[PDB]
Student: 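Handing you this structure, nothing more for now.
Excluded from the calculations below are hydrogen atoms, water molecules and symmetry mates; all remaining heavy atoms, backbone and side chain alike, are included. Convention: sequence-line order gives letters A, B, ...; per-chain numbering from 1.
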There are 2 protein chains.
Amino acid sequence: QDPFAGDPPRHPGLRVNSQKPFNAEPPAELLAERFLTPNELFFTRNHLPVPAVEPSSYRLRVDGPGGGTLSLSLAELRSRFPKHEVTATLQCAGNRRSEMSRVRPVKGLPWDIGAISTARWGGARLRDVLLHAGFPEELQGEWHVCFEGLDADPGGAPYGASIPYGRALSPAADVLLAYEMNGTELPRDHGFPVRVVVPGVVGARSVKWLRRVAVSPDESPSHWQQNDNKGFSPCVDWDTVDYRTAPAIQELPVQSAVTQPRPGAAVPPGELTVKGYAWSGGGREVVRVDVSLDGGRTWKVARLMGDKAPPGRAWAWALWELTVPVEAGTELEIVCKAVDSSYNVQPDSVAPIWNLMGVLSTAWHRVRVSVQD
Amino acid sequence: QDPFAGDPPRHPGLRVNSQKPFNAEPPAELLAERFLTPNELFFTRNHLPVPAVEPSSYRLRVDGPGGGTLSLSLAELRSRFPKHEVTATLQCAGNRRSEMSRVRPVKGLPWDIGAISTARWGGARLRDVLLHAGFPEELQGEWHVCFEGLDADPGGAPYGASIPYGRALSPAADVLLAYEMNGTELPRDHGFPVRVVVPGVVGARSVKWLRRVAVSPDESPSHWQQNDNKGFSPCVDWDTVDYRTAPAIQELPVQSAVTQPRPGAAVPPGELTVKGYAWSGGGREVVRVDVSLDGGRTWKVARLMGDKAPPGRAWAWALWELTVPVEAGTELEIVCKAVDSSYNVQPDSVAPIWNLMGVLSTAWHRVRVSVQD
Ligand SMILES: Nc1nc2c(c(=O)[nH]1)N[C@H]1C(S)=C(S)[C@@H](COP(=O)(O)O)O[C@H]1N2
Ligand SMILES: Nc1nc2c(c(=O)[nH]1)N[C@H]1C(S)=C(S)[C@@H](COP(=O)(O)O)O[C@H]1N2
Ligand SMILES: [Mo]
Ligand SMILES: [Mo]
């Protein structure tokens with residue numbers, strides 16, 4: 001009996017890197033076509049079989065401050081708390097892992113530039129759910145909100161992750177228990193019926209198929225939170241790694257990639273429209289994207305599309321374009337790099353940011369194309 | 001009559017880049033000797049003559065919500081609000097400007113690696129001063145707290161800067177109206193009797209010789225806030241610059257430099273202790289410093305000294321060291337790079353981050369030395 005037999009069907013055009021469990025990204029030519037990634041193209045990252053959930057018997061378990069347990073149905077989650085909408089980009093820590101393997105092979109799913117997508121999410125504020133359970137605005141010291149998914153190891157251990165309590169309770173942090181995605185109910189692959197969405201934070205923490213929410217003095221003790229998605233020095237390998245030396249990724253650094261044109265393409269002479277995305281963690285706005293055609297020697301400023309968000313709440317990626325003249329029979333190396341609102345920047349090369357897990361791959365994206373005659 | 005005749009005397013050992021107005025950094029061999037920079041060595045950045053202030057007639061003007069003005073004496077500032085202490089690093093946007101001129105000359109003071117220092121500051125919380133003036137915890141929309149110094153242009157325009165209202169009112173942001181520095185009253189060069197200290201934010205906003213605090217729907221309209229300390233694309237020069245296209249620097253990106261040994265030094269064979277500082281903006285902790293001896297090809301992890309701060313409140317730099325073996329008659333190129341709590345990193349080279357103002361210089365610091373026989 002195959003544990004994945006009950007997995008949902010998917011859109012045919014996806015770049016699949018794993019069938020069981022299912023991991024896929026949209027083609028790069030469609031990735032940044034729209035500001036909001038259609039649900040069918042939104043990248044999918046699963047560690048386990050997809051839970052099959054009967055909507056009416058579903059209960060979200062929320063542990064209260066004193067040890068008691070609140071049990072919430074989907075209907076109650078919909079009706080008791082004012083629905084809030086947050087447009088937010090999820091990026092996997094493993095995004096662009098494949099460029100890291102080009103330096104030296106790494107463990108992990110070989111993501112290209114598409115382990116990132118954007119949706120308008122709708123649901124209960126996590127803040128409101130915790131206050132209803134009885135928690136105060138503020139706990140003394142460093143507390144965490146731990147989540148468990150309905151998906152578990154063969155031995156019983158569920159997918160688990162956590163965020164700091166401060167972020168959970170913050171109105172401005174926009175943390176949702178989402179049951180809607182781009183205006184329709186959550187797809188199975190994306191957490192039906194309920195997922196956490198943590199804006200400005202690595203995808204790992206946005207726990208799908210939510211079964212439990214608990215408040216703890218410690219972060220999630222799940223092996224996913226303890227052993228994955230941490231960043232190490234380039235000198236560290238599997239025989240020397242000590243998971244305690246690096247913190248769980250929460251906010252991600254500034255990131256950008258070229259979606260148009262594609263590597264190895266032949267483009268017509270005259271004008272070329274270069275397109276891509278840019279994004280940064282922690283609600284930090286993209287203030288600028290620089291684009292080079294000559295391998296990063298000279299730069300021009302891209303046009304940033306779409307609308308400004310409030311300060312500290314730039315949860316959604318900025319899409320960018322730049323139309324440039326191109327000469328017949330030349331070689332272009334197209335490079336992009338982004339600058340965020342704290343003026344963080346992307347580093348020149350991959351090797352100095354290499355790590356055994358292939359996470360945190362934010363060096364300049366480089367695309368080599370030729371111009372036709 | 002010389003406008004600077006009344007300026008305070010300074011410690012003899014400083015690397016002075018401007019006498020009038022006075023701008024100087026501590027020697028690099030003393031810069032990171034102590035976690036807390038002695039007041040006499042703390043870097044000094046003045047745009048103007050230093051105000052001469054009679055303590056007893058000094059009044060801080062605070063505009064209230066409705067148009068009225070609260071006037072505070074130094075004694076009242078000391079007695080009415082509970083003294084709070086914040087250890088915080090100030091870094092000038094112009095820090096390491098000189099490395100940028102090596103690519104292509106820039107305007108600005110030619111700072112080396114020392115336009116940064118750390119002190120334990122003591123004073124009134126700005127939060128408490130604003131609440132006492134009558135302001136609420138929260139204003140609707142994007143509001144700013146504008147500061148003016150006692151120092152002014154020959155034409156009358158005072159040094160001015162601002163921070164967002166949200167940061168001013170936040171308990172955790174630790175914004176002070178400081179009258180103490182490393183346990184003694186504020187030195188004249190450092191803002192006597194009162195300065196703003198804005199932790200995790202560029203030095204520009206920590207307004208010295210404070211005369212006025214006002215709340216505004218707009219940021220400071222001073223030419224310093226509008227025309228300086230903004231970051232542009234490397235393609236921008238003085239004939240194309242449009243100050244409206246880049247935001248005033250608030251939080252700074254991750255930064256680090258080698259203080260020991262010094263460029264061109266001859267060091268003994270056997271063991272070499274490399275020392276430096278690392279720091280990041282926005283209360284983001286330094287989670288790691290990587291050190292290279294071979295120009296950034298291979299890296300080792302430094303020891304981070306000193307104590308952990310609360311999450312999101314790492315206002316003070318991390319000092320680091322690494323003892324390595326060195327072979328007689330070899331050349332070393334010593335490189336350091338830091339990683340912060342959002343996993344932001346420093347870029348490889350200066351040219352791609354070059355800008356006409358020479359600000360935001362955070363590429364890897366490189367120090368070339370030789371090992372004796
Ligand atoms: N229950 C559960 N939640 C989960 C995962 C999972 O395997 N199980 N994967 C996580 C990781 S690592 C990522 S990157 C995001 C991806 O979400 P998406 O599939 O909606 O893009 O979901 C996170 N939430
Ligand atoms: N009134 C006033 N405040 C000021 C300045 C100034 O010229 N006048 N310089 C600013 C800048 S650009 C910097 S980097 C810091 C430096 O503070 P320090 O001299 O205590 O290091 O002060 C800031 N506050
Ligand atoms: Mo992920
Ligand atoms: Mo400055």
Side-chain angles (χ1 to χ4, degrees), chain A residues 93 138 141-142 164 166-167 171-172 200-202 230-236 245-247 249-254 280-282 284-285 287-290 292 296-302 310-312 335 337 339-349 351-354 359-360 362-364, chain B residues 93 138 141-142 164 166-167 171-172 200-202 230-236 245-247 249-254 280-282 284-285 287-290 292 296-302 310-312 335 337 339-349 351-354 359-360 362-364:
Chain A
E138 178 175 286
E142 348 286 359
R167 181 184 298 287
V201 164
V202 68
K230 282 180 167 186
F232 297 92
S233 188
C235 65
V236 177
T245 71
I249 291 163
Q250 290 291 333
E251 295 176 3
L252 285 164
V254 63
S280 192
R284 291 177 307 268
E285 189 186 45
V287 304
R288 205 179 73 251
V289 174
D290 295 326
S292 177
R297 290 189 152 202
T298 59
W299 306 88
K300 294 177 212 301
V301 187
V335 191
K337 68 186 174 68
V339 183
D340 82 7
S341 67
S342 172
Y343 287 95
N344 287 119
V345 294
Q346 285 175 258
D348 304 28
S349 64
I353 59 155
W354 189 92
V359 297
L360 298 160
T362 67
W364 308 339
Chain B
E138 178 175 286
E142 348 286 359
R167 181 184 298 287
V201 164
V202 68
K230 282 180 167 186
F232 297 92
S233 188
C235 65
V236 177
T245 71
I249 291 163
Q250 290 291 333
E251 295 176 3
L252 285 164
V254 63
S280 192
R284 291 177 307 268
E285 189 186 45
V287 304
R288 205 179 73 251
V289 174
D290 295 326
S292 177
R297 290 189 152 202
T298 59
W299 306 88
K300 294 177 212 301
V301 187
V335 191
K337 68 186 174 68
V339 183
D340 82 7
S341 67
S342 172
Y343 287 95
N344 287 119
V345 294
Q346 285 175 258
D348 304 28
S349 64
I353 59 155
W354 189 92
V359 297
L360 298 160
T362 67
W364 308 339

Student: Are a donor atom and an acceptor atom from the side chains of B:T245 and A:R288 found within less than 3.5 Å of each other?
Tutor: no
Student: If I measure from the heavy atoms of chain B, does A:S349 come under 4.5 Å with its side chain, its backbone, both, or neither?
Tutor: both
Student: Compare all side-chain heavy atoms of B:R284 with those of A:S342 and state whether any distance is below 4.5 angstrom.
Tutor: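 SC-SC contact between B:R284 and A:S342 confirmed.
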Student: Hey, could you give me the OH/CD distance between B:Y343 and A:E251, rounded to the nearest 0.5 Å?
Tutor: 12.5 Å
Student: Output the option from B:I249, B:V236, B:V254 having the highest count of non-hydrogen pairs under 4.5 Å with chain A.
Tutor: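 Of B:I249, B:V236, B:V254, B:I249 has the most heavy-atom pairs under 4.5 Å with chain A.
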Student: Test of understanding: with salt bridge (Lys or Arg N to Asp or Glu O under 4.0 Å), list the residues that count as partners of B:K230, not counting sequence neighbours.
Tutor: none
Student: Ignoring hydrogens and angles, tell me if any N or O in the side chain of B:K337 forms a donor-acceptor pair with the backbone of A:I353 under 3.5 Å.
Tutor: no
Student: Taking only residues two or more places apart in sequence or in another chain, which ones pass ring pair (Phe, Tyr, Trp, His ring centres under 6.0 Å) with A:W354?
Tutor: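 Per chain and number, A:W354 pairs via ring pair (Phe, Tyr, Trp, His ring centres under 6.0 Å) with no residue.
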Student: So which of B:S233, B:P347, B:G141, B:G281 has the largest heavy-atom pair count under 4.5 angstrom toward chain A?
Tutor: B:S233
Student: Highest number of heavy-atom pairs under 4.5 Å with chain A: which of B:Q346, B:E142, B:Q250, B:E285?
Tutor: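 Looking at each of B:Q346, B:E142, B:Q250, B:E285 in turn, B:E142 comes out on top.
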Student: Under a 3.5 Å distance rule, please check whether B:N344 uses its side chain to pair with a backbone N or O of A:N344 as donor and acceptor.
Tutor: no
Student: Pick from B:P247, B:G166, B:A246, B:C235: which one has the most heavy-atom pairs with chain A under 4.5 Å?
Tutor: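 Looking at each option in turn, the highest pair count goes to B:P247.
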Student: Between B:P234, B:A351, B:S280, B:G312, which residue shows the highest count of heavy-atom pairs closer than 4.5 Å to chain A?
Tutor: B:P234
